[PDB]
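S.K.: What follows is a structure written as structure tokens; I'll ask about it next.
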Amino acid sequence: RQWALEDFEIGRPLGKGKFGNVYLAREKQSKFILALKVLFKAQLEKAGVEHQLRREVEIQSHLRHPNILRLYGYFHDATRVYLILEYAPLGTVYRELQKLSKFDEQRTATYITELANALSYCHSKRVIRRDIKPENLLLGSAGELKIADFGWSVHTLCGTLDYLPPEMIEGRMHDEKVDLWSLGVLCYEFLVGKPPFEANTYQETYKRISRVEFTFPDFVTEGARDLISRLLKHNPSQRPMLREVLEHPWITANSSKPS
Ligand SMILES: Nc1ncnc2c1ncn2[C@@H]1O[C@H](CO)[C@@H](O)[C@H]1O
């Protein structure tokens with residue numbers, strides 16, 4: 001678990017993020033291909049996140065699951081922090097979504113099965129997440145989904161409200177039901193092409209989430225309207241358990257993967 005820059009040969013950029021860039025890289029001795037995310041201490045210290053990145057890395061280190069992106073190790077130099085990550089050859093769900101505009105019921109249903117499996121595993125470890133969004137979902141060589149970002153994951157303003165539940169923007173206490181809400185937001189975006197509460201303004205998006213105001217375009221089928229309606233409920237108590245999602249007749253009929 002002892003690493004340094006001189007162990008890796010660095011390639012093309014895979015993406016340019018908020019605090020630094022992600023590069024394709026190869027470990028010199030074994031020729032293992034992987035991804036290396038380089039982060040500035042400057043942008044981090046000056047934001048008060050340096051404690052979070054610490055714990056998020058600890059958490060993700062100990063996870064093993066085919067639908068969660070792996071974290072091999074980490075280290076730091078004079079001014080920067082480097083994360084050694086699993087490389088996903090087929091890119092982000094985000095890029096795939098703006099290439100195709102929309103996903104069919106078969107691809108949507110399969111992605112959600114994969115997500116539910118990874119969330120059941122995480123909950124058995126008492127791990128949750130604040131939001132899950134398409135630019136944080138990656139695809140492996142067989143085109144299978146992989147979860148890459150925890151956010152605040154347990155073991156003014158900066159952010160978009162689009163993926164947060166009502167109980168988190170209104171201040172209230174939350175439990176793992178936050179993830180079930182995220183399933184619903186994603187199922188909608190996969191089928192429609194944009195998230196259900198989208199708006200021109202932060203303040204307005206706030207109202208729409210708080211009131212749970214969304215409508216369906218004509219092409220969304222009744223099987224899909226039902227699952228989504230059940231997932232987006234203001235009261236967290238009324239949202240279904242993960243195994244129920246995996247047993248929904250709409251999932252069952254359209255998914256390629258077992259639960
Ligand atoms: N392992 C990876 N494979 C491919 N793209 C990645 C990987 N890790 C991060 N990225 C890209 O870099 C961005 C910053 O995390 C992501 O949103 C994604 O686009």
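Following the order of the structure tokens, chains are lettered A, B, ..., residues in each are numbered from 1, and ligands are numbered from 1.
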Could you pull out the residues sitting within 8 Å of ligand 1, using only C-alpha atoms and all ligand atoms, and write them as a PyMOL selection string?
M.R.: chain A and resi 14-18+20-24+34-37+69+85-92+135-138+148-149
S.K.: Quick one: residues within 10 Å of residue 31 (chain A), only C-alpha atoms, excluding same-chain residues fewer than 5 positions away - as a PyMOL selection string?
M.R.: chain A and resi 8-9+25-26
S.K.: Using only C-alpha atoms, which of A:175, A:27, A:96, A:226 sits nearest residue 11 (chain A)?
M.R.: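 Answer, going by the shortest atom-to-atom distance: A:27.
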S.K.: Can you pull out every residue within 10 Å of residue 43 (chain A), counting only C-alpha atoms, but drop anything in the same chain fewer than 4 positions away, and send it as a list in words?
M.R.: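 Close residues of residue 43 (chain A): residues 18, 19, 20, 39, 47, 48, 49 and 50 of chain A.
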S.K.: How would you write, as an NGL selection string, the set of residues in region 56-124 of chain A that DSSP gives as strand (DSSP E or B)?
M.R.: :A and (68 or 71-76 or 80-85 or 92)
S.K.: Would you mind exporting the chosen residues as a short mmCIF file (atom, residue, chain, number, x, y, z; two decimals), in the first residue's frame, restricted to N, CA, C and O atoms?
M.R.:
data_model
loop_
_atom_site.label_atom_id
_atom_site.label_comp_id
_atom_site.auth_asym_id
_atom_site.auth_seq_id
_atom_site.Cartn_x
_atom_site.Cartn_y
_atom_site.Cartn_z
N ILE A 68 -20.11 -1.79 -8.02
CA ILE A 68 -19.48 -0.63 -7.38
C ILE A 68 -18.02 -0.47 -7.84
O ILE A 68 -17.26 -1.43 -7.80
N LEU A 71 -11.69 0.85 -5.46
CA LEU A 71 -10.60 1.77 -5.12
C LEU A 71 -9.40 0.98 -4.60
O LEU A 71 -9.46 0.39 -3.52
N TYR A 72 -8.32 0.99 -5.36
CA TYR A 72 -7.16 0.15 -5.07
C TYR A 72 -6.24 0.73 -3.99
O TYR A 72 -5.70 -0.02 -3.16
N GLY A 73 -6.05 2.05 -3.99
CA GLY A 73 -5.17 2.70 -3.03
C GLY A 73 -5.12 4.20 -3.20
O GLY A 73 -5.99 4.78 -3.85
N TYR A 74 -4.10 4.84 -2.63
CA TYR A 74 -3.97 6.30 -2.66
C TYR A 74 -2.65 6.76 -2.04
O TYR A 74 -1.98 6.00 -1.33
N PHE A 75 -2.29 8.02 -2.31
CA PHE A 75 -1.06 8.62 -1.78
C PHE A 75 -1.05 10.13 -2.05
O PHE A 75 -2.02 10.67 -2.59
N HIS A 76 0.02 10.80 -1.65
CA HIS A 76 0.13 12.25 -1.87
C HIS A 76 1.57 12.73 -2.01
O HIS A 76 2.51 12.09 -1.55
N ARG A 80 -0.32 17.70 -4.04
CA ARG A 80 -1.51 17.02 -4.60
C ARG A 80 -1.87 15.68 -3.96
O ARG A 80 -1.04 15.04 -3.31
N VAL A 81 -3.11 15.25 -4.17
CA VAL A 81 -3.57 13.94 -3.72
C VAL A 81 -3.95 13.07 -4.92
O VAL A 81 -4.63 13.53 -5.84
N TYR A 82 -3.48 11.82 -4.92
CA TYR A 82 -3.74 10.91 -6.03
C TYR A 82 -4.54 9.69 -5.58
O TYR A 82 -4.19 9.03 -4.61
N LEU A 83 -5.61 9.41 -6.31
CA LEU A 83 -6.45 8.24 -6.05
C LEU A 83 -6.30 7.19 -7.15
O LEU A 83 -6.45 7.52 -8.33
N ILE A 84 -6.03 5.95 -6.78
CA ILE A 84 -5.92 4.85 -7.75
C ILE A 84 -7.26 4.13 -7.93
O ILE A 84 -7.68 3.39 -7.05
N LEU A 85 -7.88 4.30 -9.10
CA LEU A 85 -9.23 3.77 -9.32
C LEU A 85 -9.31 2.73 -10.44
O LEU A 85 -8.44 2.67 -11.31
N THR A 92 -19.17 7.17 -18.95
CA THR A 92 -20.29 7.52 -18.07
C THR A 92 -21.68 7.30 -18.68
O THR A 92 -21.87 7.41 -19.89
#
S.K.: Could you name the residues that touch residue 225 (chain A) at 10 Å or less, counting only C-alpha atoms, but leaving out those on the same chain fewer than 2 positions away, as an NGL selection string?
M.R.: :A and (187-188 or 215-216 or 220-223 or 227-231 or 250)
S.K.: Considering only C-alpha atoms, can you say which of A:238, A:61, A:256, A:101 comes closest to residue 113 (chain A)?
M.R.: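 Result for the nearest residue to residue 113 (chain A): A:256.
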S.K.: From the set A:157, A:106, A:179, A:152, which residue has the shortest atom-to-atom contact distance to residue 51 (chain A), counting only C-alpha atoms?
M.R.: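 Counting only C-alpha atoms, the residue closest to residue 51 (chain A) is A:152.
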S.K.: Using Å and a single decimal, report how far CA of residue 94 (chain A) sits from CA of residue 134 (chain A).
M.R.: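 Those two atoms sit 4.8 Å apart.
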S.K.: Just checking: using only C-alpha atoms, which residue out of A:224, A:112, A:10, A:242 ends up closest to residue 28 (chain A)?
M.R.: A:10
S.K.: Just want the 7 Å neighbourhood of region 191-198 of chain A, counted on only C-alpha atoms, with same-chain residues fewer than 3 positions away dropped. Output as a ChimeraX atom specification.
M.R.: /A:101-104,108,162,185,187-188,205,208-209,214
S.K.: Just write the chosen residues, N, CA, C and O atoms, as a PDB file, in the first residue's frame.
M.R.:
ATOM      1  N   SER A 101     -30.302  10.161 -26.352  1.00  0.00           N
ATOM      2  CA  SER A 101     -31.425  10.981 -25.877  1.00  0.00           C
ATOM      3  C   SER A 101     -32.314  10.303 -24.826  1.00  0.00           C
ATOM      4  O   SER A 101     -32.612  10.910 -23.798  1.00  0.00           O
ATOM      5  N   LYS A 102     -32.534   8.999 -24.965  1.00  0.00           N
ATOM      6  CA  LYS A 102     -33.456   8.253 -24.107  1.00  0.00           C
ATOM      7  C   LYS A 102     -33.051   6.789 -24.107  1.00  0.00           C
ATOM      8  O   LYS A 102     -32.451   6.319 -25.073  1.00  0.00           O
ATOM      9  N   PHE A 103     -33.374   6.071 -23.036  1.00  0.00           N
ATOM     10  CA  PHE A 103     -33.156   4.626 -22.983  1.00  0.00           C
ATOM     11  C   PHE A 103     -34.484   3.875 -23.079  1.00  0.00           C
ATOM     12  O   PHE A 103     -35.500   4.352 -22.573  1.00  0.00           O
ATOM     13  N   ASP A 104     -34.483   2.694 -23.698  1.00  0.00           N
ATOM     14  CA  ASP A 104     -35.705   1.891 -23.743  1.00  0.00           C
ATOM     15  C   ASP A 104     -35.960   1.195 -22.402  1.00  0.00           C
ATOM     16  O   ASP A 104     -35.142   1.279 -21.484  1.00  0.00           O
ATOM     17  N   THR A 108     -33.255   0.457 -19.260  1.00  0.00           N
ATOM     18  CA  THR A 108     -33.628   1.120 -18.013  1.00  0.00           C
ATOM     19  C   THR A 108     -33.821   0.107 -16.882  1.00  0.00           C
ATOM     20  O   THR A 108     -33.229   0.244 -15.804  1.00  0.00           O
ATOM     21  N   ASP A 162     -31.420  18.734  -7.872  1.00  0.00           N
ATOM     22  CA  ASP A 162     -32.157  17.760  -8.694  1.00  0.00           C
ATOM     23  C   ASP A 162     -32.245  16.337  -8.128  1.00  0.00           C
ATOM     24  O   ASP A 162     -33.250  15.656  -8.330  1.00  0.00           O
ATOM     25  N   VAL A 185     -35.846   8.942  -9.162  1.00  0.00           N
ATOM     26  CA  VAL A 185     -35.365  10.047  -9.987  1.00  0.00           C
ATOM     27  C   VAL A 185     -34.634   9.514 -11.224  1.00  0.00           C
ATOM     28  O   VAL A 185     -34.858   9.988 -12.336  1.00  0.00           O
ATOM     29  N   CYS A 187     -34.827   6.371 -12.607  1.00  0.00           N
ATOM     30  CA  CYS A 187     -35.717   5.616 -13.476  1.00  0.00           C
ATOM     31  C   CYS A 187     -36.454   6.556 -14.419  1.00  0.00           C
ATOM     32  O   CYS A 187     -36.595   6.268 -15.605  1.00  0.00           O
ATOM     33  N   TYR A 188     -36.908   7.689 -13.887  1.00  0.00           N
ATOM     34  CA  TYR A 188     -37.537   8.733 -14.697  1.00  0.00           C
ATOM     35  C   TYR A 188     -36.579   9.284 -15.756  1.00  0.00           C
ATOM     36  O   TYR A 188     -36.936   9.363 -16.934  1.00  0.00           O
ATOM     37  N   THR A 205     -36.720  24.784  -8.193  1.00  0.00           N
ATOM     38  CA  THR A 205     -36.481  23.347  -8.072  1.00  0.00           C
ATOM     39  C   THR A 205     -36.772  22.894  -6.638  1.00  0.00           C
ATOM     40  O   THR A 205     -37.297  21.797  -6.417  1.00  0.00           O
ATOM     41  N   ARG A 208     -40.483  22.397  -6.203  1.00  0.00           N
ATOM     42  CA  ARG A 208     -40.991  21.248  -6.931  1.00  0.00           C
ATOM     43  C   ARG A 208     -40.678  19.947  -6.199  1.00  0.00           C
ATOM     44  O   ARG A 208     -41.533  19.063  -6.118  1.00  0.00           O
ATOM     45  N   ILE A 209     -39.475  19.838  -5.641  1.00  0.00           N
ATOM     46  CA  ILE A 209     -39.119  18.682  -4.821  1.00  0.00           C
ATOM     47  C   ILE A 209     -39.958  18.630  -3.547  1.00  0.00           C
ATOM     48  O   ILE A 209     -40.504  17.583  -3.191  1.00  0.00           O
ATOM     49  N   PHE A 214     -44.431  16.353 -10.361  1.00  0.00           N
ATOM     50  CA  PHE A 214     -43.912  15.873 -11.635  1.00  0.00           C
ATOM     51  C   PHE A 214     -45.039  15.318 -12.501  1.00  0.00           C
ATOM     52  O   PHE A 214     -46.064  14.866 -11.991  1.00  0.00           O
TER      53      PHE A 214
END
S.K.: Using CA of residue 110 (chain A) and CA of residue 60 (chain A) as the two end points, give the distance in Å to one decimal.
M.R.: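 A separation of 23.9 Å between them.
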